[PDB]
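2 protein chains.
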Amino acid sequence: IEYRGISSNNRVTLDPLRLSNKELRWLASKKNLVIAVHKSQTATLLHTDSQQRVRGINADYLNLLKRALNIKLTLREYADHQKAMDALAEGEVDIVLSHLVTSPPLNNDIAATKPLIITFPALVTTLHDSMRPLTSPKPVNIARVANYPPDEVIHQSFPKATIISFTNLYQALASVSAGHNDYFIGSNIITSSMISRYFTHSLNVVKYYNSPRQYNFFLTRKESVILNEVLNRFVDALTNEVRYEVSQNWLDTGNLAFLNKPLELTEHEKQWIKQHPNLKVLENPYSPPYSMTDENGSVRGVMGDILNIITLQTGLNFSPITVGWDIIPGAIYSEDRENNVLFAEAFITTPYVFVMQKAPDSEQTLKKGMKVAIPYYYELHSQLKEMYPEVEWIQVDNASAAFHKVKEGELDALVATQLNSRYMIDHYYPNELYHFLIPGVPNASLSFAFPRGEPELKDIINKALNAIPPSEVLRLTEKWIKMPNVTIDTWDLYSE
Amino acid sequence: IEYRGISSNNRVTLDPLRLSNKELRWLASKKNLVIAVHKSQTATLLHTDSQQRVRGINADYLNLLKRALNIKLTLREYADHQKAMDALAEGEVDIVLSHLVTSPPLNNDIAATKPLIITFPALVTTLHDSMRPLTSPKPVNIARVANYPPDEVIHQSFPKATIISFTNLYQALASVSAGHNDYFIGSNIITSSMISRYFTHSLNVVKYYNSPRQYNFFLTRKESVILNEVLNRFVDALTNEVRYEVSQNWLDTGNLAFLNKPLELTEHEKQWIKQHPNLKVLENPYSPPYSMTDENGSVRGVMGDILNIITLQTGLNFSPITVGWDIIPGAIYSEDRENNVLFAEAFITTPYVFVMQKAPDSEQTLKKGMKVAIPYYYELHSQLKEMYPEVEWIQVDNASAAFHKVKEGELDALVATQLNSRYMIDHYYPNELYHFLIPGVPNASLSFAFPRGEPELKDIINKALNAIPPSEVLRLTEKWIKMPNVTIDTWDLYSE
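Chains A and B, in that order, are what the protein sequence lines are.
Using PDB author numbering, the letters of the first sequence correspond one by one to residues 26 to 348, 362 to 534.
Using PDB author numbering, the letters of the second sequence correspond one by one to residues 26 to 348, 362 to 534.
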């Protein structure tokens, strides 16, 4: 009905599958497999090159399936989905690779493997409206493709929403890019895909949702018992590490493949998540790009986005609270404060810097009789007091508000972390301040903190943190250093 | 109780044995040796094939023994190990080839040769967790086979470790690959051989230990004075060169047979090793894949692993906490730097490359007005300004952070090492950067460096490096090019 080839780099490789000898003999005389595919509406899942070969994320997985089983593939695209299923029932094809669906088919003449592709819904807005709250009780125009996701899930975040269903993904994203619709919500695997290709200058993702996910499946006849158990053996070998590398070939931002598969949790940790589904997040002082809050008091910044990722990884949900709390979104490890809280393993390391006025006569040094501010929760005060007994050291309640005091010349310097200084300078005092490293001081190690009788939440977050690729933490830090603001807070910038 | 033959690929031929005339008459009159063997649980040491012939690592050595002594060999498998030892008492067998043991049996009848197979403990983890520290006071789950190594050894590295003891090596390694257990530790010649077979893309060795080693022996009755001496003649002729080629056929990675036997060290050198322990290693800038420091401050990367190997070769003892220094782990040779340090002989050469952004209109030369960064400790600034005097050449303190500046368009190019650029691009900026060779410059030559007054250490490292096969260095760089970090450091990756 159609014939093709596969076009893919074999950069991703799989361990050998453990197949029975009855399965190994079945594959050898089967020799070849006919799979019914189809071009996706967007190019991400499956497209064709000039040599009439197939390409995309689905092609990369098919390439792995071809090698993991040591069997030949024949790719056909039928006119519709129904003629493909007719060929499956007739025996013209062995497998049908389904389009993106919300659930597998239940008719028992069909057998479905475990899901191949697993993707999540994403909230998309303009780059200059990203810092606005991700929920609203006010009227709002929300775009979507077809009926994904349904009305009621959109209404949990925007109860007064007017939903506009588009035929096409590009058209729906462009309507937000122009300004007709305030948000778009849709499948992330294809939304992140196209934003980087067409709307990179104008749109970005601000939130992932845990449900309702979309999948595609391999589909066989119910009679093809051995084929389905072999296909399932191949899909189980597709770990978060394997899925991440496959999707790296086609996604820049929005690669959530590292959390397609669950984490290795004890049955006690799984019961604990089950009995504590919604935890409270203590509010941090303003410390961009790590911990920031929007007008609704919800955690944004890198720590806020990591919390979004942890939700998809673990199922835990987090709600705002202000200064019965359960998690601190971003904290500096210290020996003293460990007697007050419990620390997760560090996932960001950063150096301490001195922030000073950028003038012609600037020297990268402290001087006798300078006024240098340092936040009280950095217990560097004792060590700098001995390195610089010459300096008048001023403990401060509000770290971010001390930048302005340096800009006005009241303070000679201020102690901060590298990227916290870069944000404050670029966003609020460009070309007015600079920084340099503090010599002879250990690095800061950022992570989450908890109440101290919470071993389960600590051990669970540690597993989730260890599962996040470091390049995703780097992309998130790039994202939030460049993120435009919509408000200024007088207290975070001018207190005292 | 069960009888076989010998299968092997005679790729290794041994030098003729210096045998006494009295011994050749004994071998001529004996004419045949009854040797009790046993099938290892893995195929690496001993298995059988189609014709019921012995095959494996033990088989290749038995083949060499048959040709070294020019005698016939009958191999028998008794029920358990105690029945083979019983048969050796009554004289029914001449030799018993032992299983892997940490010691030869105490029995004061039983004579053991020098060790035949020599193997070391190995710590194993998943590839994506390999940058976690090799020791930790934190709770961990360690998998092992039976009771090797003992708990007191495992607790030296992990005092709060839960040790799960498996009966079967495959299941133990599978538990680490699936994420249930954090590490595995066990006999290397068995562990790495099975990783080559089934876990090549999910498990790898991260550390070899000096002790407790494991061996197998030729066990005879002490009555056999002539048999024992002829057996020791054979075992003494198994040089590093011979053992490495025998293990080559069954181990693709982690083949430590090149350090089974001691190096040809002088008396003075051996005394220097034993009388200068806890040698101090200088910390290098973040320089992947050659050098980088984990969350413990320990040296990792290719240079870090080669130090671990050098320790197993020579007994050199390096401090795990880096810095009054005794060795620079990896350094580019320079004739003018030789006034400050001594260099070992180079064992890796690599060219310099320009890093630029991957655009459609990219073309592989510089232009004038371009801002190109070069590390200040590279001594190419002299020559590069004369070849490209129309270019603005900027010295930088942080080579790894300059990659980001090129990505952002603030720099036009960056001077780097081929594999240094390959790592940064592969892991942090894929499809956003590329590189091409710098024309008309020599290659950088990598080796260890030492203070001026340490000739003995430099002479030892030279002998050790010469004994490391280049394929193992190639094996190590493959591993570290593909290996990501476990955390990000903002100073390593974010510019100024």
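Heads up, the beta-carbon is just placed ideally off N, CA and C, and yes, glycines get one too.
- Nearest neighbour of residue 123 of chain A by Cα position, chosen from A/32, A/40, A/61, A/66, turns out to be A/61.
- Contact with chain A is found for residue 225 of chain B, since one of that chain's Cβ atoms lies less than 8 Å from the residue's Cβ.
- As the crow flies, the alpha-carbon of residue 129 of chain B is around 9 Å from that of residue 140 of chain B.
- By the neighbour-count criterion, in which a residue is buried when 16 or more other Cβ atoms sit within 10 angstroms of its Cβ, residue 446 of chain B is exposed.
- Scanning the segment 36-78 of chain A for uninterrupted beta strand (DSSP E) segments of 3 residues or longer gives 57-62, listed from N- to C-terminal end.
- DSSP places residue 212 of chain A in the uninterrupted beta strand (DSSP E) bounded by 208-212.
- Under the Cβ distance rule, residue 531 of chain B counts among the residues neighbouring chain A, one pair being separated by less than 8 Å.
- Annotation: residue 287 of chain A to residue 403 of chain A spans about 50 Å, alpha carbon to alpha carbon.
- Any Cβ of chain A closer than 8 Å to the Cβ of residue 63 of chain B would place that residue at the interface, and such an atom is absent.
- The Cβ atoms of residue 320 of chain A and residue 144 of chain A do not sit closer than 8 Å to each other.
- If the five residues before and after residue 228 of chain B are omitted, its C-beta is found closer than 8 Å to the C-beta atoms of 149, 150, 151, 152, 198, 201, 202, 209, 220, all from its own chain and listed in chain order.
- DSSP places residue 465 of chain B within a helical segment (H, G or I) once states are collapsed to three.
- Less than 8 Å divides the Cβ of residue 441 of chain A from the Cβ of residue 452 of chain A.
- In the DSSP assignment, residue 239 of chain B forms a beta bridge with B/144.
- A check of alpha carbon separations from residue 134 of chain A across A/291, A/205, A/306, A/112 identifies A/112 as the nearest.
- Annotated three-state conformation of residue 270 of chain B is helix, per DSSP.
- Judged by DSSP secondary structure, residue 493 of chain A falls within the alpha helix (DSSP H) whose first and last residues are 493-504.
- By the C-beta density criterion, residue 182 of chain A is buried, having at least 16 other C-beta atoms within 10 angstroms.
- Think of a sphere of 8 Å around the beta carbon of residue 347 of chain B: no beta carbon from chain A falls inside it, the nearest being about 14 Å out.
- In the structure shown, the three-state DSSP call for residue 518 of chain B is helix.
- Contact with chain B is absent for residue 393 of chain A, since none of that chain's Cβ atoms lies less than 8 Å from the residue's Cβ.
- Judged by beta-carbon spacing, residue 409 of chain B lies beyond the 8 Å limit of residue 470 of chain B, meaning their Cβ atoms are not closer than that value.
- Contact annotation: in the segment 510-526 of chain B, residues whose CB is within less than 8 Å of a CB in chain A are 522, 523, 524, 525, 526.
- Closest in alpha carbon position to residue 29 of chain B, among B/514, B/38, B/64, is B/64.
- With fewer than 16 other beta carbons inside 10 angstroms of its own, residue 236 of chain A counts as exposed.
- Put simply, of A/428, A/391, A/109, A/214 the residue whose alpha carbon is nearest the alpha carbon of residue 268 of chain A is A/214.
- Ranking B/273, B/234, B/495, B/270 by CA distance to the CA of residue 300 of chain B puts B/495 first.
- For residue 153 of chain B, the three-state secondary structure derived from DSSP is helix.
- Within the segment 461-476 of chain B, 465, 466, 468 place their CB atoms closer than 7 Å to a CB of chain A, listed in sequence order.
- By the Cβ-count criterion, residue 275 of chain B is buried, with 16 or more other Cβ atoms from all chains shown falling within 10 Å of its own Cβ.
- A Cβ-Cβ separation of about 18 Å leaves residue 460 of chain A out of contact with residue 412 of chain A under the 8 Å criterion.
- Using beta-carbon distances, residue 204 of chain B counts as an interface residue toward chain A, with a partner under 8 Å.
- Sixteen is the threshold: since fewer than 16 other Cβ atoms of the shown chains lie within 10 Å of the Cβ of residue 528 of chain A, the residue is exposed.
- Residue 485 of chain A is positioned such that its CB atom lies no closer than 8 Å to that of residue 343 of chain A.
- Against chain B, a Cβ distance below 9 Å from residue 367 of chain A picks out nothing, because the smallest value is about 18 Å.
- Here DSSP, grouped into helix, strand and coil, assigns residue 169 of chain B to strand.
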